[PDB]
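Student: Take this structure first; my questions come after.
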Amino acid sequence: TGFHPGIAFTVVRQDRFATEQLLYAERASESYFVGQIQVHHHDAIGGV
Amino acid sequence: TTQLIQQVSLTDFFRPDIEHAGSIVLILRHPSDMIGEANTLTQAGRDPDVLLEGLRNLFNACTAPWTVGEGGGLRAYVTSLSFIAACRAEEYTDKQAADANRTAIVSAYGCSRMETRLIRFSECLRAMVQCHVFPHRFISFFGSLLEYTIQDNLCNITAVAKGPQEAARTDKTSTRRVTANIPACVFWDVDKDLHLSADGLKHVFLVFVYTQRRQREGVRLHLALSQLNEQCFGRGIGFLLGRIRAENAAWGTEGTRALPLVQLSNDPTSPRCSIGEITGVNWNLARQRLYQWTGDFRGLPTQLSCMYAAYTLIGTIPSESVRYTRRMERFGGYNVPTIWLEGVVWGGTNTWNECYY
Amino acid sequence: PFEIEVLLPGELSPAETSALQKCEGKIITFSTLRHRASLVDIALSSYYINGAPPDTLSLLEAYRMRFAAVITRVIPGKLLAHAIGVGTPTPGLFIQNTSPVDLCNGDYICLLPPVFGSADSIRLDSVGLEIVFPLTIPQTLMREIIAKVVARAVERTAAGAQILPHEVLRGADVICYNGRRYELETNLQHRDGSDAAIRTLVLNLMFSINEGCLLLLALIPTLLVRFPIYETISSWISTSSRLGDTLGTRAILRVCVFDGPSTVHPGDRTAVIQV
Amino acid sequence: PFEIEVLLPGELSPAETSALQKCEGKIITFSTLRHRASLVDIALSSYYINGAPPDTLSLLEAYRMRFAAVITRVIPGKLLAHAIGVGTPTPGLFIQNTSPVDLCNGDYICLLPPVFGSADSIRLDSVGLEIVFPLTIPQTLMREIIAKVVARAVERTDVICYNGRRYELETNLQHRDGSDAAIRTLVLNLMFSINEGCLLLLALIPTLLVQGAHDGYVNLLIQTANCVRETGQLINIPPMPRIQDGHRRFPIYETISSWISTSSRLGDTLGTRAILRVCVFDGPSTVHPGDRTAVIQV
Amino acid sequence: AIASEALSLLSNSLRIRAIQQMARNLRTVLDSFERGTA
């Protein structure tokens, strides 16, 4: 009906936005070790 | 890696000439067993020979009608899935696809004694589900067609038994590989009705929905493709078929005081009947009343008169995120919508699970 | 591929070792799997329980717990076999029909003890043992066979129990397959196996069904218009589950015929595929 | 041979990695089968039904719905595992006995949640999840246990002897949305086991106990049963009606035939089905708890 | 049984200790037959 009772409210809402970021890195920041490769045969959907 | 099965048969229900390579082919049991089972399982009150009337006319409109009774090995053994799909096309939900396949199978075949054959088969199934002779024990399964050779009205076909679909060599087509092809009328995936993710491995089933009423019975044939478990498929199907289940529970059978056992056993001072009189000397005055119960239960829905479906595992698809393709191509002289399944491994024993709830 | 050898015994009489060659495509059953074995495990002597010869229940139960194997060829001093167990890729597997009912292509194979008539089997009196072979029929017929033989046995007790027999009937029970009527048990007399092996069978089956559709009638009295009451429920559930597990249906082989006759008659051999 | 890969989270503690390596032949489960997967589905958190750790009866249904897999050799980075449910060739499969009960050759294996004392399980504090492994007993143990938990279930709304040893079951039944479903599927099978034929078998009770005497087999069978041994001396059972079409129909056929399908279905819908068969080659006849046995796919 | 991500080493110091493993396993599997003889 529109009769305002003796009570108040506070609302909360959460949104999200896609943004563009920016990265900076030093010279000697990470050490990288790469390995070797291994093959695996397996029955595929039609072949291997 | 795969195995093959050969069999010769009459070509009145199957035509390996027009049927595409990779379609499903089923076989039938001897019709002489139907009557031996019907006259002993027919519900009380119903006429048991209406099936015989419906069956005799089937072979009366079929070539070599004087070759029934001996089973020498020259009967109409195998049949196609599209044949039953066209015979019962008036019951599938996809109106246009059903009737298109029907006219296509009528035209591509002899088209002279084909319409009569179809209606005979139609009421044949209708009378099959009239005396509880449900056609899920007489229709087996063969693999997809691989090779065939025919000279006239008699064909020798070979199909895969179990294993990968594209592991064979048809060796006479353009390519040496084939994929499963089905009419778009029978295809019905349940997960997209049940609203769950469709990723990973999925099983294949065939279902036989039954409707039982007075002079109005129906039987479809659906090839379901779902990721649901081996036995959980039964609980899943009931949620979608809850209507027909309740219809059958009330229109399946159309042809008395309780007793307080626990009450009078919990309380003492009831007429006792000690073993001394059941020894067997005068066992009538000892059991004169002891109770009456006036009890009998004759007409009640059995678990066989309320059945509405029967499924069976056929094969799986190991490749996750299947990509079945639907398109329309020429089938003889007409175009029909077919769905193409790739990489499906056949297997599984022929055991039928009946959903009576 | 795994294969089992059954060591043939010495001093075998010619008529005995000959008749062993007649049964080449017959299936046997092994308690434990091994490359070398004796004969007692194949004979019925290893099969009986509690000293007394086995009953159908022990027959059906042991068929599940015990493993199966098929004979392939016979050597005058050597007998080998092939297993249907783990993963053995047995090539050119063929079996012989031991049942009176024909088989066709695309039929699945399951096992049963001989119930219809007397069990035909080889008997070695020189050594003192005999070898019984299980009966094989399609799956779609098995459930109907068991239901009929028990119904035939309970109707016999009813006629004997009731003061007056309710004889009025339809004739004779006949099973049909591929347009062939078998017509088992013509006569009323000659109670060969009426209560000989299926004696305890009809007992457990009639009592569970009695307890079955009585427990419901004694729990909700509204279906038709001192006391535990729970231990009876747990007992019925345990029994009905075990009895259903015993009387199971599991296909073991599939008849896959290539360039051969589709229908096979009793006595003919045919190639089968491992399911 | 179809194998699924289980991604191990990084930064794992060596103590947890060692404890994880000890779990070599145990059974795990998957909600959706795929070659590459994570560890959140193996965790107990994925078992949550509403918002909380699941109940027993809820686990009974999760075991049927979910796929099953067996663990094989684990490397420091990955956890390989093979599937059992779908039809696939798998050579040399061994499982680790997790139940306190011994197994022997020719035994079917079932699957049930831990109803004994607090189940041992790997705990991952850094990852924050805990994986629990299901328990495996033979078939006969499965049926006896299931019958007792449902009996306790209908009681709300436990000792078990085996090989001369008694065990106690602690049934977790704090939930309610699953207990009523077991009652529904129970009566549904009892209702469909009632045909026009019971009256015949119900009219044999007098002669039954006569065969119970002076024969020496039906004694304990009458003893273990209660309803039949109380009805036999308390009800009259009006004699007999006739048959509608008795000239060509056999009425005691359906009741003995239809019941078979119910009993076979009852043992499965109430709990879990048989999944494996143990059969060891060049091994001991009986396996003790904690040892591994070579088993066959059912 | 060999080659669990290990055939990549034989089919191509780790190679040296891999052939060490090969030799140390073959020297045992060969005398396994000598033991089976007795």
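Residues are named by chain letter and number: chains run A, B, ... in the order of the structure tokens, numbers start at 1 in each chain, and ligands are numbered from 1 in the order shown.
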Restrict the calculation to only C-alpha atoms, then for each residue of chain E with any atom at most 10 Å from an atom of chain A give the closest atom pair and their distance in Å to one decimal, rows by chain and rising residue number, as a tab-separated table.
Tutor:
```
residue	atom	partner	partner_atom	distance
E:5	CA	A:38	CA	6.6
E:6	CA	A:38	CA	8.8
E:7	CA	A:38	CA	8.5
E:8	CA	A:38	CA	6.3
E:9	CA	A:38	CA	9.7
```
Student: Tell me which protein, DNA and RNA residues are within 10 Å of residue 38 in chain B, counting only C-alpha atoms, leaving out same-chain ones fewer than 4 positions away, and put them as a PyMOL selection string.
Tutor: (chain B and resi 33-34+42-43+48-52+128+130-134) or (chain D and resi 249)
Student: Can you pull out every residue within 9 Å of range 193-199 of chain D, counting only C-alpha atoms, but drop anything in the same chain fewer than 2 positions away, and send it as a ChimeraX atom specification?
Tutor: /B:296-303 /C:209-210,212-214 /D:188-191,201-204,237,240,251-256,258-259,262
Student: Keeping only C-alpha atoms, write those residues as an mmCIF file, in the first residue's frame.
Tutor:
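Result went into result.cif, see below:
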```cif
data_model
loop_
_atom_site.group_PDB
_atom_site.id
_atom_site.type_symbol
_atom_site.label_atom_id
_atom_site.label_comp_id
_atom_site.auth_asym_id
_atom_site.auth_seq_id
_atom_site.Cartn_x
_atom_site.Cartn_y
_atom_site.Cartn_z
ATOM 1 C CA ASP B 296 -8.882 -62.551 -1.896
ATOM 2 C CA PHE B 297 -7.061 -60.293 -4.364
ATOM 3 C CA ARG B 298 -7.634 -61.194 -8.024
ATOM 4 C CA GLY B 299 -7.761 -57.970 -10.028
ATOM 5 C CA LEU B 300 -4.747 -55.801 -9.217
ATOM 6 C CA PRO B 301 -2.080 -54.087 -11.339
ATOM 7 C CA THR B 302 0.839 -56.484 -11.717
ATOM 8 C CA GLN B 303 4.386 -55.237 -12.293
ATOM 9 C CA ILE C 209 7.535 -65.113 -1.681
ATOM 10 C CA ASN C 210 5.291 -66.149 1.211
ATOM 11 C CA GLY C 212 7.208 -61.242 0.734
ATOM 12 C CA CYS C 213 3.528 -60.557 0.018
ATOM 13 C CA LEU C 214 2.664 -61.200 3.673
ATOM 14 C CA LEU D 188 7.602 -50.080 -4.420
ATOM 15 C CA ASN D 189 9.271 -53.483 -4.796
ATOM 16 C CA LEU D 190 7.047 -55.092 -2.166
ATOM 17 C CA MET D 191 3.957 -53.775 -3.954
ATOM 18 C CA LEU D 201 1.385 -70.092 -1.802
ATOM 19 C CA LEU D 202 -0.509 -68.564 1.125
ATOM 20 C CA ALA D 203 -2.780 -71.633 1.271
ATOM 21 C CA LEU D 204 0.166 -74.019 1.752
ATOM 22 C CA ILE D 237 -7.266 -68.567 4.684
ATOM 23 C CA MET D 240 -10.176 -71.369 -3.041
ATOM 24 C CA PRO D 251 -1.661 -68.402 -12.977
ATOM 25 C CA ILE D 252 1.163 -69.438 -10.630
ATOM 26 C CA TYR D 253 3.662 -68.786 -13.422
ATOM 27 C CA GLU D 254 3.724 -64.990 -13.267
ATOM 28 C CA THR D 255 4.087 -64.873 -9.479
ATOM 29 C CA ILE D 256 7.106 -67.183 -9.538
ATOM 30 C CA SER D 258 7.863 -61.832 -11.865
ATOM 31 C CA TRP D 259 9.338 -62.222 -8.383
ATOM 32 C CA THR D 262 12.338 -58.035 -8.291
#
```
Student: Can you write out as a tab-separated table which residues of chain A fall within 9 Å of chain B, alongside each residue's closest atom pair and its distance in Å to one decimal, counting only C-alpha atoms and ordering rows by chain and ascending residue number?
Tutor:
```
residue	atom	partner	partner_atom	distance
A:44	CA	B:319	CA	8.0
A:45	CA	B:343	CA	5.1
A:46	CA	B:166	CA	5.7
A:47	CA	B:167	CA	8.0
```
Student: Which chain C residues have any atom within 10 Å of an atom of chain B, and for each, what is the nearest pair of atoms with distance in Å to one decimal, counting only C-alpha atoms, rows sorted by chain and number, as a Markdown table?
Tutor:
```
| residue | atom | partner | partner_atom | distance |
| --- | --- | --- | --- | --- |
| C:104 | CA | B:29 | CA | 9.4 |
| C:105 | CA | B:7 | CA | 7.9 |
| C:106 | CA | B:142 | CA | 7.4 |
| C:107 | CA | B:140 | CA | 8.7 |
| C:108 | CA | B:350 | CA | 7.6 |
| C:139 | CA | B:351 | CA | 8.4 |
| C:140 | CA | B:137 | CA | 7.0 |
| C:141 | CA | B:137 | CA | 9.9 |
| C:170 | CA | B:40 | CA | 9.4 |
| C:173 | CA | B:40 | CA | 9.6 |
| C:174 | CA | B:36 | CA | 8.1 |
| C:175 | CA | B:36 | CA | 7.7 |
| C:176 | CA | B:33 | CA | 5.6 |
| C:177 | CA | B:33 | CA | 5.9 |
| C:178 | CA | B:30 | CA | 5.0 |
| C:179 | CA | B:32 | CA | 5.0 |
| C:180 | CA | B:70 | CA | 8.2 |
| C:181 | CA | B:36 | CA | 9.0 |
| C:217 | CA | B:258 | CA | 7.8 |
| C:218 | CA | B:261 | CA | 6.2 |
| C:219 | CA | B:262 | CA | 8.2 |
| C:220 | CA | B:258 | CA | 9.2 |
| C:221 | CA | B:258 | CA | 5.6 |
| C:222 | CA | B:258 | CA | 7.2 |
| C:223 | CA | B:258 | CA | 8.0 |
| C:224 | CA | B:256 | CA | 6.1 |
| C:225 | CA | B:257 | CA | 6.0 |
| C:226 | CA | B:266 | CA | 5.8 |
| C:227 | CA | B:266 | CA | 6.3 |
| C:228 | CA | B:266 | CA | 10.0 |
| C:229 | CA | B:262 | CA | 8.6 |
| C:249 | CA | B:351 | CA | 8.9 |
| C:250 | CA | B:349 | CA | 8.7 |
| C:251 | CA | B:349 | CA | 6.9 |
| C:252 | CA | B:349 | CA | 9.1 |
| C:253 | CA | B:349 | CA | 9.2 |
| C:254 | CA | B:349 | CA | 8.5 |
| C:255 | CA | B:5 | CA | 9.4 |
| C:256 | CA | B:5 | CA | 6.0 |
| C:257 | CA | B:5 | CA | 6.1 |
| C:258 | CA | B:6 | CA | 5.3 |
| C:259 | CA | B:6 | CA | 6.5 |
| C:260 | CA | B:6 | CA | 8.2 |
| C:261 | CA | B:7 | CA | 8.4 |
| C:262 | CA | B:7 | CA | 6.8 |
| C:263 | CA | B:73 | CA | 7.0 |
| C:273 | CA | B:3 | CA | 8.5 |
| C:275 | CA | B:349 | CA | 7.3 |
```
Student: Mind checking which residues fall within 12 Å of residue 128 in chain D, counting only C-alpha atoms, ignoring those fewer than 6 positions away in the same chain, and posting them as a PDB file with N, CA, C and O atoms, in the first residue's frame?
Tutor:
```
ATOM      1  N   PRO D   9      48.357 -30.581  -7.288  1.00  0.00           N
ATOM      2  CA  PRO D   9      48.695 -29.176  -7.050  1.00  0.00           C
ATOM      3  C   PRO D   9      50.156 -29.041  -6.654  1.00  0.00           C
ATOM      4  O   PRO D   9      50.729 -29.911  -5.996  1.00  0.00           O
ATOM      5  N   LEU D  12      53.358 -28.706  -2.871  1.00  0.00           N
ATOM      6  CA  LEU D  12      52.946 -29.736  -1.932  1.00  0.00           C
ATOM      7  C   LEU D  12      54.082 -30.078  -0.975  1.00  0.00           C
ATOM      8  O   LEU D  12      55.257 -30.110  -1.350  1.00  0.00           O
ATOM      9  N   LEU D  39      41.945 -31.924  -8.665  1.00  0.00           N
ATOM     10  CA  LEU D  39      41.853 -32.633  -7.397  1.00  0.00           C
ATOM     11  C   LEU D  39      40.619 -32.266  -6.587  1.00  0.00           C
ATOM     12  O   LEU D  39      40.386 -32.870  -5.536  1.00  0.00           O
ATOM     13  N   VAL D  40      39.819 -31.302  -7.045  1.00  0.00           N
ATOM     14  CA  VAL D  40      38.673 -30.875  -6.248  1.00  0.00           C
ATOM     15  C   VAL D  40      37.551 -31.902  -6.310  1.00  0.00           C
ATOM     16  O   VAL D  40      36.729 -31.987  -5.393  1.00  0.00           O
ATOM     17  N   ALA D  43      38.258 -34.676  -3.779  1.00  0.00           N
ATOM     18  CA  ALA D  43      38.086 -34.227  -2.407  1.00  0.00           C
ATOM     19  C   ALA D  43      36.667 -34.499  -1.925  1.00  0.00           C
ATOM     20  O   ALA D  43      35.725 -34.637  -2.709  1.00  0.00           O
ATOM     21  N   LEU D  44      36.525 -34.574  -0.602  1.00  0.00           N
ATOM     22  CA  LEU D  44      35.211 -34.801  -0.014  1.00  0.00           C
ATOM     23  C   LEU D  44      34.285 -33.619  -0.259  1.00  0.00           C
ATOM     24  O   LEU D  44      33.060 -33.778  -0.242  1.00  0.00           O
ATOM     25  N   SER D  45      34.849 -32.434  -0.500  1.00  0.00           N
ATOM     26  CA  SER D  45      34.028 -31.250  -0.735  1.00  0.00           C
ATOM     27  C   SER D  45      33.125 -31.424  -1.945  1.00  0.00           C
ATOM     28  O   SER D  45      32.002 -30.905  -1.962  1.00  0.00           O
ATOM     29  N   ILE D 122      43.915 -39.380   3.622  1.00  0.00           N
ATOM     30  CA  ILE D 122      44.953 -38.370   3.462  1.00  0.00           C
ATOM     31  C   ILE D 122      44.364 -37.003   3.771  1.00  0.00           C
ATOM     32  O   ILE D 122      43.253 -36.675   3.337  1.00  0.00           O
TER      33      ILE D 122
END
```
Student: Do you know which residues are at most 12 Å from residue 1 in chain E counting only C-alpha atoms, after dropping those on the same chain fewer than 4 positions away, and could you put them as a list in words?
Tutor: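 My list of contacting residues is residues 92 of chain D; 6, 7, 22, 25, 26 and 29 of chain E.
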Student: Hey, what does DSSP flag as alpha helix (DSSP H) within range 41-139 of chain D? Can you give it to me as number ranges by chain?
Tutor: D: 56-65, 139
Student: Go through C:117, C:127, C:167, C:86 and flag the residue nearest residue 191 in chain C, using only C-alpha atoms for the distances.
Tutor: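 Among the listed residues, C:117 lies closest to residue 191 in chain C.
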Student: For a quick check of understanding, using only C-alpha atoms, which of C:188, C:4, C:44, C:135 has the smallest distance to residue 81 in chain C?
Tutor: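 Going through C:188, C:4, C:44, C:135 one by one, the smallest distance to residue 81 in chain C is for C:4.
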Student: Using only C-alpha atoms, which residues sit within 10 Å of residue 181 in chain B once same-chain residues fewer than 4 positions away are excluded, as JSON, numbers by chain?
Tutor: {"B": [19, 20, 21, 22, 23, 24, 144, 325, 326, 338, 339, 340, 341, 342]}
Student: Any chance you could export the current selection's N, CA, C and O atoms as a PDB file, in the first residue's frame?
Tutor:
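Written out: selection_0.pdb:
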```pdb
ATOM      1  N   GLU B  19      19.771 -48.847 -48.234  1.00  0.00           N
ATOM      2  CA  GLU B  19      20.218 -48.469 -46.900  1.00  0.00           C
ATOM      3  C   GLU B  19      21.673 -48.025 -46.939  1.00  0.00           C
ATOM      4  O   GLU B  19      22.514 -48.675 -47.568  1.00  0.00           O
ATOM      5  N   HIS B  20      21.965 -46.910 -46.277  1.00  0.00           N
ATOM      6  CA  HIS B  20      23.324 -46.395 -46.255  1.00  0.00           C
ATOM      7  C   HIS B  20      24.233 -47.303 -45.435  1.00  0.00           C
ATOM      8  O   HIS B  20      23.793 -47.985 -44.508  1.00  0.00           O
ATOM      9  N   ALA B  21      25.510 -47.306 -45.795  1.00  0.00           N
ATOM     10  CA  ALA B  21      26.493 -48.061 -45.033  1.00  0.00           C
ATOM     11  C   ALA B  21      26.711 -47.414 -43.674  1.00  0.00           C
ATOM     12  O   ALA B  21      27.021 -46.224 -43.576  1.00  0.00           O
ATOM     13  N   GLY B  22      26.533 -48.202 -42.618  1.00  0.00           N
ATOM     14  CA  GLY B  22      26.692 -47.721 -41.265  1.00  0.00           C
ATOM     15  C   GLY B  22      25.405 -47.561 -40.490  1.00  0.00           C
ATOM     16  O   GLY B  22      25.446 -47.100 -39.344  1.00  0.00           O
ATOM     17  N   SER B  23      24.270 -47.916 -41.078  1.00  0.00           N
ATOM     18  CA  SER B  23      22.997 -47.855 -40.381  1.00  0.00           C
ATOM     19  C   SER B  23      22.826 -49.069 -39.478  1.00  0.00           C
ATOM     20  O   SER B  23      23.515 -50.080 -39.624  1.00  0.00           O
ATOM     21  N   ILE B  24      21.901 -48.953 -38.533  1.00  0.00           N
ATOM     22  CA  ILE B  24      21.646 -50.022 -37.574  1.00  0.00           C
ATOM     23  C   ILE B  24      20.740 -51.067 -38.207  1.00  0.00           C
ATOM     24  O   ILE B  24      19.779 -50.735 -38.913  1.00  0.00           O
ATOM     25  N   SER B 144      26.522 -52.037 -37.182  1.00  0.00           N
ATOM     26  CA  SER B 144      26.286 -51.261 -38.391  1.00  0.00           C
ATOM     27  C   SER B 144      26.692 -52.069 -39.613  1.00  0.00           C
ATOM     28  O   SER B 144      27.674 -52.814 -39.589  1.00  0.00           O
ATOM     29  N   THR B 325      26.465 -34.546 -35.959  1.00  0.00           N
ATOM     30  CA  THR B 325      26.082 -33.631 -37.025  1.00  0.00           C
ATOM     31  C   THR B 325      24.784 -34.095 -37.677  1.00  0.00           C
ATOM     32  O   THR B 325      24.620 -35.276 -37.991  1.00  0.00           O
ATOM     33  N   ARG B 326      23.869 -33.155 -37.895  1.00  0.00           N
ATOM     34  CA  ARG B 326      22.591 -33.457 -38.521  1.00  0.00           C
ATOM     35  C   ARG B 326      22.502 -32.721 -39.848  1.00  0.00           C
ATOM     36  O   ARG B 326      22.764 -31.519 -39.907  1.00  0.00           O
ATOM     37  N   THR B 338      19.307 -37.006 -41.573  1.00  0.00           N
ATOM     38  CA  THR B 338      20.024 -38.042 -40.848  1.00  0.00           C
ATOM     39  C   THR B 338      21.058 -37.416 -39.928  1.00  0.00           C
ATOM     40  O   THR B 338      21.647 -36.376 -40.236  1.00  0.00           O
ATOM     41  N   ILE B 339      21.282 -38.077 -38.797  1.00  0.00           N
ATOM     42  CA  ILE B 339      22.283 -37.675 -37.820  1.00  0.00           C
ATOM     43  C   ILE B 339      23.457 -38.634 -37.919  1.00  0.00           C
ATOM     44  O   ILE B 339      23.271 -39.855 -37.990  1.00  0.00           O
ATOM     45  N   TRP B 340      24.666 -38.080 -37.923  1.00  0.00           N
ATOM     46  CA  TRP B 340      25.885 -38.839 -38.141  1.00  0.00           C
ATOM     47  C   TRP B 340      26.696 -38.895 -36.856  1.00  0.00           C
ATOM     48  O   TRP B 340      27.132 -37.858 -36.347  1.00  0.00           O
ATOM     49  N   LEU B 341      26.895 -40.102 -36.343  1.00  0.00           N
ATOM     50  CA  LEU B 341      27.705 -40.336 -35.159  1.00  0.00           C
ATOM     51  C   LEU B 341      29.058 -40.887 -35.579  1.00  0.00           C
ATOM     52  O   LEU B 341      29.139 -41.802 -36.407  1.00  0.00           O
ATOM     53  N   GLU B 342      30.117 -40.323 -35.012  1.00  0.00           N
ATOM     54  CA  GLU B 342      31.479 -40.744 -35.308  1.00  0.00           C
ATOM     55  C   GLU B 342      32.129 -41.323 -34.062  1.00  0.00           C
ATOM     56  O   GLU B 342      31.804 -40.929 -32.939  1.00  0.00           O
TER      57      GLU B 342
END
```
